[PDB]
Amino acid sequence: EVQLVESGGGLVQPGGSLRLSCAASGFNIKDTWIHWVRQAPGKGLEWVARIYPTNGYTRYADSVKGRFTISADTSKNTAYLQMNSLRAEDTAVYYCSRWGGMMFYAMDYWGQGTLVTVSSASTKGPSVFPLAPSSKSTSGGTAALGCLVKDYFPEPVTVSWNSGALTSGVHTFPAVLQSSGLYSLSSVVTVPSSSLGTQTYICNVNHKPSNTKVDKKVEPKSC
Amino acid sequence: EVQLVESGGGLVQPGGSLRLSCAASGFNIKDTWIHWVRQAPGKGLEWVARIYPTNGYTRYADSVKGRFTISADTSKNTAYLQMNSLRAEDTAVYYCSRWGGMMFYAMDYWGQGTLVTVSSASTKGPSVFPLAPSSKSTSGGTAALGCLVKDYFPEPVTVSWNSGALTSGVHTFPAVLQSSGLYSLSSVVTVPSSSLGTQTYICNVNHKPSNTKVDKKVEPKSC
Amino acid sequence: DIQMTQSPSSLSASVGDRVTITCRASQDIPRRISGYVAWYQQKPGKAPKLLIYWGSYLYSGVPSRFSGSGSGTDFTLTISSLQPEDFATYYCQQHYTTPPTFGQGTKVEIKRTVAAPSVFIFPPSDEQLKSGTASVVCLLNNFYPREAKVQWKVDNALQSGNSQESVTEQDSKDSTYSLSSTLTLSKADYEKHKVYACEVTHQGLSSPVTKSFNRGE
Amino acid sequence: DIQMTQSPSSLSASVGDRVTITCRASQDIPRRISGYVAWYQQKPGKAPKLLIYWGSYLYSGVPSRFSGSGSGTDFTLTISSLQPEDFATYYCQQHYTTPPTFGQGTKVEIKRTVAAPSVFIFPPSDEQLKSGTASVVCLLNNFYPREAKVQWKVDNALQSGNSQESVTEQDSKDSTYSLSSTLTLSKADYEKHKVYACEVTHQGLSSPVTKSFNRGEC
C-alpha cells in the first residue's frame, strides 16, 4: 500500500522549465525523506536532490544546483521538483523515492518515473502501419504479425495487443531515432498460422505526448 | 508526553554486572534509534551505544565493547544496557536518548539519568542533624536554618522542605566526600525571623540506595 | 570527489552460477566514517529495487541468494545462484558524502544455450506507400546469443546504409533476444524493383537463412 | 581519530552580551562529508537539551537568541543576548564518524553586579555530639562573584585542614552563589573550647565579616 507516483514530465524547449510531482500514499511524507534520481537514456543513475519535508532541509548534486528546487507539501502528501534552465543533458527519466521508517541511506520505495525531454522539436503522433506476411509466404505453423509505429516524437509510446488480451509472444522493440529526427518502432507477435484470416489481431498504440491513440487491425493483404 | 525514563542504576562492586532499563512512552521505540550516553562526575558526555530495534543493529563505543550489551523489548517499549565486568571508570550518570522520526543525528529526548557507582564500599544511609535558626542570627534581613545530612554512601540524596511546599530560598549543597570515605551535605533555607518558633520546618531526606527516609523537624534550640 | 568504482562493468553468467560484483571507494576516507553502502537492481523500463542496505543487510522480501559484504573501502554484492530473472543492471551507492553517489553499474546477462532465430519478412503497406515511403521489416525472433547479421538485397543489390536495427532486452524467462531490421526506400525506388530479401547469419544457423517476397505478388 | 575542539573551555559574560562558542574538527575531512553538527545545553543535575541540529536548525521551542552556523570544519553556536537562565555547559556533537563524538564543553557563567554574602554560623546539635563528632557550619548566602575566603578560629586558633567547602551552582534567576564551610571536630575537642568563629572575606565586603558563638550560651 506504500506508493509513489510521479507526474508532470514531458517535452520542453531548451532553457525552459517544468515541475514534476511525486504523490505518496500508504504513508506520510513528513515521516520521511523524499529524493529525486534521474537516468539519462542508456545511462546510469544520477542522484539529483533530497528533502526532509518537515523542516525544508534540501541538498543537490552539483550538476543541477542553482537550476532545480526540491520542495514538498505535507498536507497533499506531495513533493515537487521545479526544474529551470533545462538543458539537453537533463533529458532523463526522473524517479522519486524515499527513505522509510528511520531506515536512512536506503531508498526502499520508488515511483515508476516520468520522462523529461529537453528539445526544440515539436510533438508529433505516429502513423501506424500493419506488418503482415505476403500472401505467398509459407510457414511451419507459427506466423508473425505486427504494427509499424512510425514517425513520432518525443518518447514514449506504448503498444498492447487485443486490448491486453494478447501478451504471450509480444515483442515491442526499443525505438530508433531516424535521420529525420523522429522515432519509429515495431511491435510484433507470433501466433498460429491457421488463425490468420480467422482471429482478429489489433495493436493498440498510445502516444500520450501528442494525445494520439490508434487501434489498427492487422491482416494479410487481400490480393 | 514523549518521555524516556531510566532505571536500574546503583552501587555495584568492581567486576560486577548491572542491567539498566530505559522505558519509553508517548511513542514507539520500534520507530526510532535508542542511545545510551554517560557522564562521569564533573566530566563531559561520552556516547556509549545505540540500537535500531527493528534490525537489532547495535554499535558500541570502544570503551565498552565486549562488556556491555544494548538490547530492546518492543512489547515493553523498553531498551536495556547490560553491563558486565564493571570498572571504576564506568562510574557515571547514564542517560538514554533517542533520534525522533527520521530526524537523525539529533538527540531530541533524554531521560533524567541513572547513577552507576562502581566501588567496593558499602551502602550506608545518612544521619540527619538540625542546623537550628536563632532569633539572634539574622543576616541580610532573614534567619536561616537547615539540615546536615551526614555520613552516607553512595550518592545521591534528595532533600525537600515541608513536603515540597517550601522551595523559595532553599540551597541544597553539592555533596562533599569526607576523609572517612562517606559523603555529607547540608540543605539550608532563609526564612523570616518572625516565623521562628511558630512555623514548622521539616526537611525531607531520602537516600534511596539505603532505603533511608527521614523527616527532621528543625526549630530554634530552647534558650 | 569521493566516488565508487564498480567492476566489472558487464558480465555474462549461466543459471546457477555464483556471481560477484565489486564497489571500491575513489579516495582514502578517514577512519570511522561510514559509507552505508546500498545495492540496487534495475530491470529495463523499471525503477531500481533495493536489495541490500548498510553493507550487509538483506532488504525485506529480497531473495536470499543476494548478499552484501564489506571491509574497508571495498564492497561486494554476491548472487549465490543466478536465475534467468536476475538479468539487470546492479548499482552500488555510497553515503560517505552528501550528496551520495552511485557506482557506474554492472550489466548482468544470462548465458544460455545457442538458439537460432526464427525469421520473418514483412512488405510495406499500401497505406504507407501512398505517403511516399516504403519500410520493409525483417524480424529475427527469440535467439541467443545477441550477435546476428542481417543483409538486405533488392533485386540482388546489397543495401548499405539504408537500414536500422533494434534489439529487445534479454527476456527475463527464456533469456533470448529478438531483433528487427527496417529497410527504408522511397516509394519510387520500391516500385522500380521486384525481389526483396532479408538474409540472416547467426551462430545457431548452419548456413544463412533468407526470407523474401516479390513486390505485387 | 576525528574529534571536535571546543573553545573557549569557559567564559563569563554579562546579561545582554553576545556570546559565541566555537567547535573545530580535529583534522581535514574530505569535502562533501557532512558533520551534521548538533549543540546541547546542560544545566546542573539535568539531562542535556537539544538546541541546534544539522549545523543550523533551531530545535522546536528553543528561544531564538540561540543560532548555529558553520564554514569548513568550524562551527559556531551564538547566543545573541545572554540571559540569566543561560548559565550552563554547552556541548557540540559531530557525526562525521560513527560513533559520533562530543566537544569537551564550554561553561558559561553570568557576570552580574557584586553582591556581598549574608553569613550565618551554626553550632553542632546536641543530638550529633552524642555520637562523638561536632560539625560546625558556616553559610555564605547569595553572593557574587564566586571567589570567597573563609577562615575558622577556635578560641583564636586558626583551623587548617579540618574543614570542607561546598558551593552551589550559579542561580538561574539571580546569578548568585552560596557556599558552606563545615568544620569537623571531635566531641572532646569541641567541649574543650568556647569561641567558635567564621571570618568571611569577599569583594562585596569592605572589611571581613565575623560570625561567632560561644559554646553553652544563647
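All values below come from the heavy atoms of this structure, side chains included, with hydrogens, waters and symmetry mates left out. Chain letters run A, B, ... following the sequence lines, proteins first, then strands; residues in each count from 1.
- For chain C, the nearby part of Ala132(A) is the backbone; its heavy atoms alone come within less than 4.5 Å.
- For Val128(A), the part sitting under 4.5 Å from any heavy atom of chain C is the backbone (N, CA, C, O) and nothing else.
- Results of the side chain to side chain contact (heavy atoms under 4.5 Å, CB included) test with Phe122(C) over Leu148(A), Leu131(A), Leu145(A) single out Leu131(A) as the only residue that passes.
- Shortest non-hydrogen contact noted between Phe173(A) and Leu139(C) is CZ-CD1, 3.7 Å.
- Each of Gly105(C), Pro123(C), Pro124(C), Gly45(C) has some count of heavy-atom pairs under 4.5 Å with chain A, and the biggest count is that of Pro123(C).
- With a 4.5 angstrom heavy-atom cutoff, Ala49(A) does not touch chain C via any of its atoms.
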Can you pull every donor-acceptor pair closer than 3.5 Å across chain C and chain A?
{"from": "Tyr40(C)", "atom 1": "OH", "to": "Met107(A)", "atom 2": "N", "distance (Å)": "3.0"}
{"from": "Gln42(C)", "atom 1": "OE1", "to": "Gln39(A)", "atom 2": "NE2", "distance (Å)": "3.0"}
{"from": "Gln42(C)", "atom 1": "NE2", "to": "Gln39(A)", "atom 2": "OE1", "distance (Å)": "2.9"}
{"from": "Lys46(C)", "atom 1": "O", "to": "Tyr95(A)", "atom 2": "OH", "distance (Å)": "3.4"}
{"from": "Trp54(C)", "atom 1": "NE1", "to": "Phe104(A)", "atom 2": "O", "distance (Å)": "2.9"}
{"from": "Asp126(C)", "atom 1": "OD1", "to": "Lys221(A)", "atom 2": "NZ", "distance (Å)": "3.4"}
{"from": "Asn141(C)", "atom 1": "OD1", "to": "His171(A)", "atom 2": "NE2", "distance (Å)": "3.3"}
{"from": "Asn142(C)", "atom 1": "OD1", "to": "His171(A)", "atom 2": "NE2", "distance (Å)": "2.8"}
{"from": "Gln164(C)", "atom 1": "NE2", "to": "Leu177(A)", "atom 2": "O", "distance (Å)": "3.1"}
{"from": "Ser166(C)", "atom 1": "OG", "to": "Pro174(A)", "atom 2": "O", "distance (Å)": "2.7"}
{"from": "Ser178(C)", "atom 1": "OG", "to": "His171(A)", "atom 2": "NE2", "distance (Å)": "3.2"}
{"from": "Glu217(C)", "atom 1": "OE2", "to": "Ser134(A)", "atom 2": "OG", "distance (Å)": "2.5"}

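- Across all their heavy atoms, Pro174(A) and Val167(C) have their closest contact at CG-O, 3.3 Å.
- Interface remark: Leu177(A) contributes backbone atoms only to the contact with chain C (heavy atom separation under 4.5 Å).
- Residue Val37(A) touches chain C through its side chain alone, counting heavy-atom pairs closer than 4.5 Å.
- The choice from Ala38(C), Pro100(C), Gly103(C), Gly216(C) that makes the most heavy-atom pairs within less than 4.5 Å of chain A is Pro100(C).
- Note: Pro48(C) leads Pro99(C), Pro44(C), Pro48(C) in heavy-atom pairs under 4.5 Å with chain A.
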